[PDB]
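Take a look at the letters that make up each chain.
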Amino acid sequence: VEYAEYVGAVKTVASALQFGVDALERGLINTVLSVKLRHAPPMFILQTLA
Amino acid sequence: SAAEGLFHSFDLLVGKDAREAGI
Amino acid sequence: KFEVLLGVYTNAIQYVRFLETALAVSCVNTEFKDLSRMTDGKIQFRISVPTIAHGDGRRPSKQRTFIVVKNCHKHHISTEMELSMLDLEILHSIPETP
Amino acid sequence: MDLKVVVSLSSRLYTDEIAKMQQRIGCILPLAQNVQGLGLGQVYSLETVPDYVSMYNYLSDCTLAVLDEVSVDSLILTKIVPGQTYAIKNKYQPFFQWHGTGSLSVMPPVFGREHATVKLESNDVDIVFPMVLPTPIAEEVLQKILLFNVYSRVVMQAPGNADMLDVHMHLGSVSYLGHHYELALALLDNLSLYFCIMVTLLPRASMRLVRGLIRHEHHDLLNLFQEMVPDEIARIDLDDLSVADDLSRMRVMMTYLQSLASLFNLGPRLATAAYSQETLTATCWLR
Amino acid sequence: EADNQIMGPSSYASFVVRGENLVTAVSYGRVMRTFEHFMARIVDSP
Amino acid sequence: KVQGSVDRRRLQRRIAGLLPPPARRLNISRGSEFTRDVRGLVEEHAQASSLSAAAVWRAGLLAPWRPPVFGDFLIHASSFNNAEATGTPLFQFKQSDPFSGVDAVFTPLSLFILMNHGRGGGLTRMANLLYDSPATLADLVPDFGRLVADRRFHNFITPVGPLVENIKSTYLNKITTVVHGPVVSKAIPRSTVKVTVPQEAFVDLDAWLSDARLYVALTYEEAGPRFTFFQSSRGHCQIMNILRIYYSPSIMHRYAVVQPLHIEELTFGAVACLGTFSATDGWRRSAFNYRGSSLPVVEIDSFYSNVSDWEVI
């Protein structure tokens, strides 16, 4: 029974670590999409400037 | 004191291989 | 492209150690290797004074061994070392390419 | 446990920003992370008047923090736990004193707004550090600024009653532990007004409460001895007023006495143990 | 100046042990030789 | 021959699992002994910061035994007496002179002889026997009669908790007092500490009522002040009311004869909390003896001195 509880705790810690890694893998794309939206002048500007 | 009831076995000399004094 | 040649001057520092400096003459120093082991702040001194053999008075006395005690100071020196995170992540992974 | 908090600055900085964090590394600031709301920079914005009660209730609302480092973009700082002790310096525009005072105070700087507000033209965050000062120094300067702005507004009403030279002889010179310090000069105006209405409502409220509690203990030593002292000129005019206006007076009276009692208590109450003069630092824990 | 440098130890001294050499009684010659070593060292400087 | 309710192996491996890690040595003696310590350090940071199971294992493995702050003072060895006990709650009187290389503190016997010089049982003769002259502590304090006339004696006395380390010198005795946190021994090893309070200046508030905090109480009796020490397990914020009730039978009874002027003298005493000791251990009475005679003394173990501010009664 404590083997089952300890395996459940290992699954909890592994799910939390996978949650952290998945949080960075989505946060990295979020920062990339923020930078790509920050260095983007709109098309009503670049139809003439370009 | 603190040595009021204890036996002493050996000592630890400060590298005095022929001298007996010191600390 | 080799663009420009800059010269910088780092500062040479004469690094000192306690045996290298000269006031270690005063202090016979040891390596006690764990200072938690001594559990009394005082240290017993066995002072044994010799005797001078007088003959005319015929008044003999032994070596008047008297014992005093003296304290043991303790100190606590502390500093910081600033190692970077990326250098430790480099050091954890042994490379093979030059 | 890392009690350190990280704050990313918006843009890139420059030289005297590094010089002014090197000036203000030792001093401290409150908290709310978000680079706009770091400390009192949302009260010292000049589009509103910098008030004392809003800033004080914000300072008692939020926690406190020790600034530690400013790189090109980071703001490395640690906050205040009640648990363990941190190291504090003065680094303040008034350089007052540390002579072994076992009780400290943290108040917003009434001596100078710009004296503790540091400004950056590239970063409009206008952050500012409230003045840490010992408790007798704190109570002496709060008295000597409150009565000063009271006298200033009274001279503005009628200048014939109060003067400035005899009040600058005494109410501009705090003196504590042999040291004789000098200080002279909206926020103190409204703070004085709260005290002004509290000390004018305290007569009717005081006679009403001692008339309610006057004969509870039907022969008390303590109650009769507190009744023998106060003013014979005071205890006459109570029964003339209506009920609802009386209880509204007592209600506003109780709200602002609790507010001014918590305000006269020195807010963030630090406590020092051993102060080093040659390094200008002391160890402090939250109390 | 009598010199310009001095010879000193390169490391700290370590604590040596002394007293619990728990070897057995070897012979009569060993105890007699050690007794003569401990007592005739009174009158001998080298 | 039979089986116990506990197997020794399971308890042994549980203790081995819940054991704290050893503190990291760093040999500065030999480079061969130095490179292994720095390799252990970089492996420790690697397995404590890399995103794997090692980081959460070492994070759960860590226990948080924090050392308390200490107050180092320099007092005159003639204005002090080293024959008093170790765990005595000292009271640093604030010296207004900046041209003072030393400071001055107070054992309860010293301020007791100051209050008796400003105006008993066996403790007054014990304090006259320990501190032989009250004139020394009388001209040690600059303004004693004036500051007790204006009744601001309480904020000029800052309690610094109990005394632990006290060296003995000819001039300028150095003392070490724990100020915040647990009382503990610093230079002498961290084994055990007690707090000695004089029993005649220490009364139980709850026995008069009929955790465990400790309160220092100044009172301004109308012939001259007195300190008393109050122990109560009651509220931190409901200590003013009960002590107001306690000093109520004395205040007007000796305040009928006095009336103030140039207004002062309204503040009747002030009270700070020295700190808290545990409710598990009580206070055990003992005897404090000087070479003349003895005096009953109260020992308080396991104190956590957190000195608050003086609060007027």
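Residues numbered from 1 in each chain as written, not as in the entry; some residues may be left out. Chains lettered and ligands numbered in written order. Part of a larger assembly, values for the part shown. Heavy atoms only, no water.

Per the PDB record, this model was obtained through cryo-EM at a reported resolution of 4.3 Å.

Participant: I keep staring at the overall build of chain A and nothing clicks. Help me out?
Facilitator: A tally of helices and strands in chain A yields 2 helices and 0 strands. C-alpha extents for chain A along the principal axes are approximately 70 × 10 × 10 Å. With 50 residues in all, chain A has 0% of them scored as buried. Accessible area for chain A stands at about 4800 Å²; split by element, carbon and sulfur atoms hold 68% of it. Between the centroid of the 4 positive side chains of chain A and the centroid of its 4 negative side chains there is a distance of 20 Å. (Helix = DSSP H or I, 4+ residues; strand = E, 2+ residues; numbered from the N terminus. Buried < 20%, exposed > 50% of the residue type's maximum accessible area, 1.4 Å probe, protein only. Areas by Shrake-Rupley, 256 points an atom, 1.4 Å probe, with all protein chains shown as cover. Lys, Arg positive; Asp, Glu negative; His and termini not counted. Charge placed at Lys NZ, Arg CZ, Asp CG, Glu CD.)

Participant: Which parts of the structure should I look at to understand the arrangement of the chains?
Facilitator: Out of 6 pairs of chains that touch, the pair holding the most contacts is chains D and F. These two, chain B and chain D, are apart from each other, with no contact and a minimum C-alpha gap of 34 Å. The two units chain E and chain F are non-contacting; their minimal C-alpha-C-alpha distance is 7 Å. (Contact = heavy atoms within 4.5 Å.)

Participant: Help me understand a nonpolar patch on the surface, please; the structure alone is not making it clear to me.
Facilitator: Residues and elements named next belong to chain A. On the surface, a cluster of nonpolar side chains totalling about 540 Å² of accessible area is made up of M43, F44, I45, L46 and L49. Inspection of the secondary structure puts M43 in helix 2 (residues 43-49). Residue classification places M43 among the exposed residues on the basis of a relative accessible area of 55%. (Patch = residues over 30% accessible without salt bridge, like charges linked within 9 Å, V, L, I, M, F, W, Y side chains within 5 Å. Salt bridge = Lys/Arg side-chain N within 4 Å of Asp/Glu carboxyl O.)

Participant: How do you make sense of the packing of aromatic side chains when you look at a structure like this?
Facilitator: A ring pair, where both rings are aromatic, is described by two values, the distance of the centres and the angle of the planes. Residues and elements named next belong to chain D. Counting across every chain of the model gives 20 aromatic pairs over all chains. When the centroid spacing of 6.2 Å and the interplanar angle of 15° are considered together, the rings of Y52 and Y56 count as stacked. A residue pair is termed a helical-turn pair when its members lie 3 or 4 positions apart in one helix, as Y52 and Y56 do in helix 2 (residues 52-61) at 4 residues. There is no split in this pair, since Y52 and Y56 are both buried. Seen in terms of ring centroids, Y194 and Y256 are 5.0 Å apart; in terms of plane orientation they differ by 55°. Their pairing is tilted. Of this pair, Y194 sits in helix 6 (residues 187-212) while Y256 sits in helix 8 (residues 243-264), and the two are 62 residues apart along the sequence. The exposure class assigned to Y194 is buried, which follows from its relative accessible area of 18%. (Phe/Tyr/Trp six-rings, centres within 6.5 Å; stacked < 30°, edge-to-face > 60°.)

Participant: What is the right way to read the state of the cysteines from this model?
Facilitator: Note: disulfide means a covalent bond formed between the sulfur atoms of two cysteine side chains. In this structure the tally under the stated criterion is 0 disulfides over all chains. Of the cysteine sulfurs around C27(D), a residue in no disulfide, the closest is that of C284(D), at 13 Å. Owing to a relative accessible area of 0%, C27(D) belongs among the buried residues under this scheme. The thiol of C273(F) is unpaired, and the distance to the nearest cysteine sulfur, on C237(F), comes to 12 Å. (Disulfide = S-S within 2.5 Å.)

Participant: Please clarify how the sheet that holds strand 10 (residues 270-276) of chain D should be interpreted in this entry.
Facilitator: Strand-to-strand pairing in sheets goes through backbone hydrogen bonds, with the strands running parallel or antiparallel. Residues and elements named next belong to chain D. In spatial order, the strands read 5-11-10; together these 3 strands make up an open sheet with antiparallel pairing. A strand with exactly one partner marks an edge of an open sheet, and here the two such strands are strand 5 (86-89) and strand 10. Adjacent strand axes in the sheet meet at a mean angle of 35° when their direction is disregarded. Where strand 5 and strand 11 (residues 281-286) come together, 4 bridges link them in antiparallel fashion. In the sheet register, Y86 faces strand 11, and the bridge partner there is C284. (Pairing = 2+ DSSP bridges. Axes fitted to C-alpha atoms, helices over the stretch in contact; angles between N-to-C directions.)

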